[PDB]
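Input: a single structure, listed below in structure tokens.
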Amino acid sequence: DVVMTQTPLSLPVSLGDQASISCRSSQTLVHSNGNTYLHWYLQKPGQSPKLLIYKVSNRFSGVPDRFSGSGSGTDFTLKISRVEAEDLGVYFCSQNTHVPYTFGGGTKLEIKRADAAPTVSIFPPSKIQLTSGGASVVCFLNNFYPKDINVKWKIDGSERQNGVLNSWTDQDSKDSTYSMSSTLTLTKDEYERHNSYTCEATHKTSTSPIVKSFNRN
Amino acid sequence: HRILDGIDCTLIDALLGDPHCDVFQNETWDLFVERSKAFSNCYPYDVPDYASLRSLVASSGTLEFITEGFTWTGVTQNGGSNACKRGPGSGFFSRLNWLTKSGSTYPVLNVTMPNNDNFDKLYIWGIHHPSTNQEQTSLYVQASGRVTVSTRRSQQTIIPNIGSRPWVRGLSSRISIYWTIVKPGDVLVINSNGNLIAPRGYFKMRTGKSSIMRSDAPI
Amino acid sequence: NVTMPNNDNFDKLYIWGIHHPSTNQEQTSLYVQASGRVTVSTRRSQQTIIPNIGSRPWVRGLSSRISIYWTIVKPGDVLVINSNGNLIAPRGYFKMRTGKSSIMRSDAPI
Amino acid sequence: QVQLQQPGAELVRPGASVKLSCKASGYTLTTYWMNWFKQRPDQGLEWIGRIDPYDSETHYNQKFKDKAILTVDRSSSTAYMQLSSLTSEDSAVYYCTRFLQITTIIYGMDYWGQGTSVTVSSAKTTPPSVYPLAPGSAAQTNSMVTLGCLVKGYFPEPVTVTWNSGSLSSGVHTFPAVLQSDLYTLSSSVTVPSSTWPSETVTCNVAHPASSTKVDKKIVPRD
Ligand SMILES: *[C@@H]1O[C@H](CO)[C@@H](O[C@@H]2O[C@H](CO)[C@@H](O[C@@H]3O[C@H](CO)[C@@H](O)[C@H](O)[C@@H]3O)[C@H](O)[C@H]2NC(C)=O)[C@H](O)[C@H]1NC(C)=O
Ligand SMILES: *[C@@H]1O[C@H](CO)[C@@H](O[C@@H]2O[C@H](CO)[C@@H](O[C@@H]3O[C@H](CO)[C@@H](O)[C@H](O)[C@@H]3O)[C@H](O)[C@H]2NC(C)=O)[C@H](O)[C@H]1NC(C)=O
Ligand SMILES: *[C@@H]1O[C@H](CO)[C@@H](O[C@H]2O[C@H](CO)[C@@H](O)[C@H](O)[C@H]2NC(C)=O)[C@H](O)[C@H]1NC(C)=O
């Protein structure tokens, strides 16, 4: 089997900049007919791939002139001269030439946006939920920028290592931001037995850890 | 025989430039194979004498376009539509240049383009048909509008028709396609006061063993 | 600006026309607009007919004429008559059948 | 105008088999080849095999030879793929594609199906528990308001959180669900501008079709 080796793995570019993904095959992709069947696909998160460039350097229908490919035999490259917001996605290079058809491992492009701080928000368990005998300490530290952010639950000012559900979404297709949600879930018993939860976000952007709390009373 | 699989495109949509047929730009064939389910996904158009246009392009066997330096003085070039989306945005037929009124007036255009090469030239152009007089004056300030394409041998004047058509890709307006072949040493002269859907150059004409066939058969 | 959808599983033949007043009196008299245009179409076809005012030889009193046109509506397509005067509207459609039929000119007895 | 319709999601008990469908439309199935792929969550895109709808001449990746069974029903433009004795590893998104043969100018797959997610698990189908999330202690209804919704303990994915029947579209963030004890938890958070919350009703409509559950939770001002 031929191995499609892509590099970078993640590519942080800034709107206007020029991204450049590279692909390398374990053996020439030149066909007996002299045609190099190397292709570039773009998979936007939560979607199916879309042909972008076929036969090394041809733009498939729709794709704009700002996308360009090239290469010979084993080493091929895709180049976005001016990166837009929509360009956000994952890029694979695959080959038809030899059976089994093979794909690259993907190169996750990522847009660089003006640093941003989350808009932390916390919500206390619903009466609905605690009736079932459970408590939801839900905090949505969303819309920030450097994906890198550090949250912490405190409870009376002391702990977070137990029961924290954490989910970060994909970079938005406009805001180029990120969003997260942290969920501390304790029993109704345990919950009524404290007042002070504290969703504490250490996001390198503000000089003061963004902290949010509420009272059991 | 050089067989060109038309995939989802008819010859005409590959000729004009419907976004999804641009993959066929400048292609050549001995036999073009049109599929029963080929479809148009751009601005609704119609071709008066579709049969002959299709025949003659098929017989020519080439879609090689040569872009010409047409200068459109004081009008807004490159109009697009969300009917003919070309990517995430609106668009149009890759080989046609939609001209709209500039500022607040559509001037009587009067360009010329001389055949100084030693070969015949195929010129593909059209006319717009706004569905409302709002649209008419809106786009082409003149309310009236006429297109007059000619050479020393031929002459063609097309008058647009305002009116309501069924919705087709959002739209209710249409575009009528026409064509003009310029023999060597003759000159083309586009002359209009609105509704023109100007060309961008010519397609080369070749005489030969080419043709076209309808078939959903594998190649 | 009427519409009439082919919701049956067969082709439809639509017979319509256009009027041609011999005088502008007649024109504005009948169709207040002096101008007049007929535009019959479907998603596939489109037809716009512009009337012609003028004097013709007397034929059954008249000096005006009517031009007949037709439109076939394929199943699932829609007809849309659109005009501002001179229209000689239809009243429905004629069914179309494909078969062994034809026509012959002959004054021969049957 | 060319579509390749796949069913989105399937839950299959391990050891059994799933027959996936891929209704081609927009073109004539027969006229071109078809390729089925497998995408593991990690990202990896694997070629399962090919089929020529015309004759049914299939060609498998040796790796899937004794698992995938490609077949097509020309009658209804529906290609298929059978996967027998599925195991954890077989849980992935499966794609079918129009593989334009070497005789075309492209020769590659141009249109992909929406994909189908095959969840191999013996876990029971549980309806979600939909808990509304609103601010309380110290009304955070200042420059803007973040309303939540906790879709908790359901199986299997997916659910569809939607606010105000979709109308309240411009400001929501439904977060990816996360498995925890063979149960999935997910939350969504729309953000309404202060003068738009208590006045009218913000409702999160979640749907777990896997259990024929359609919930409408109106976020009431706990405030
Ligand atoms: C002349 O009459 C025609 C025929 O009824 C009118 O066309 C209709 O225009 C409406 C827009 O007002 C079209 O509505 C659209 O329908 C689509 C398809 O379901 C939907 O996606 C849109 O949300 C929208 O509602 C309608 O389709 C169209 N009808 C036909 C048969 O084409 C036309 O607007 C009239 N024009 C004038 C100036 O009176
Ligand atoms: C344009 O010129 C034509 C041609 O001469 C004029 O048509 C003529 O119109 C008169 C009515 O004024 C027609 O008269 C009728 O003749 C019949 C047949 O014998 C008779 O039954 C009636 O009593 C009446 O007299 C005449 O036939 C007709 N001529 C022709 C050749 O068709 C027309 O009126 C002129 N129009 C204008 C606006 O100037
Ligand atoms: C279509 O074909 C022409 C023909 O070659 C390409 O245009 C360059 O071609 C000629 C010489 O090679 C010149 O006479 C043309 O003017 C020149 N035109 C342009 C715009 O550069 C043309 O680019 C081809 N188009 C595509 C999409 O391949």
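Heads up, residue numbers simply count up from 1 along the chain you see.
Cβ from N, Cα, C; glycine included.
Under the heading disulfide bond, Swiss-Prot lists B:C9-B:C21 (among others), citing sequence analysis as support. Classification of B:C9 (disulfide bond) by DSSP places it in coil, neither helical nor stranded. On its own chain, B:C9 (disulfide bond) has B:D18, B:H20, B:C21, B:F24, B:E34, B:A38 as residues at least 6 apart in sequence with a Cβ closer than 8 Å to its own Cβ.
Every protein chain shown contributes to the tally, and the Cβ of B:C84 (disulfide bond) ends up with 25 other Cβ atoms within 10 Å. The feature disulfide bond is assigned by Swiss-Prot to B:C42-B:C84 (among others), with sequence analysis given as support.
Under the heading N-linked glycosylation site, Swiss-Prot lists B:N26 (among others). In the shown protein chains, 11 other C-beta atoms lie within 10 A of the C-beta of B:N26 (N-linked glycosylation site). Under the DSSP three-state reduction, B:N26 (N-linked glycosylation site) is assigned to coil, being neither helix nor strand.
Positions annotated as N-linked glycosylation site by Swiss-Prot: B:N110 (among others). Taken residue by residue with DSSP, B:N110 (N-linked glycosylation site) is part of a strand. Non-local contacts of B:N110 (N-linked glycosylation site) by the CB criterion (under 8 A, 6+ apart in sequence, same chain) comprise B:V189, B:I190, B:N191.
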Spatial separation of B:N26 (N-linked glycosylation site) from B:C84 (disulfide bond) - C-alpha basis, Å: 21
Those recorded positions in B:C9, B:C21, B:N26, B:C42, B:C84, B:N110 whose CB falls under 6 A of ligand 3, listed in sequence order: B:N26
Listed disulfide-bonded residues (B:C21, B:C42), ranked by Cβ neighbours within 10 Å, top entry: B:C21
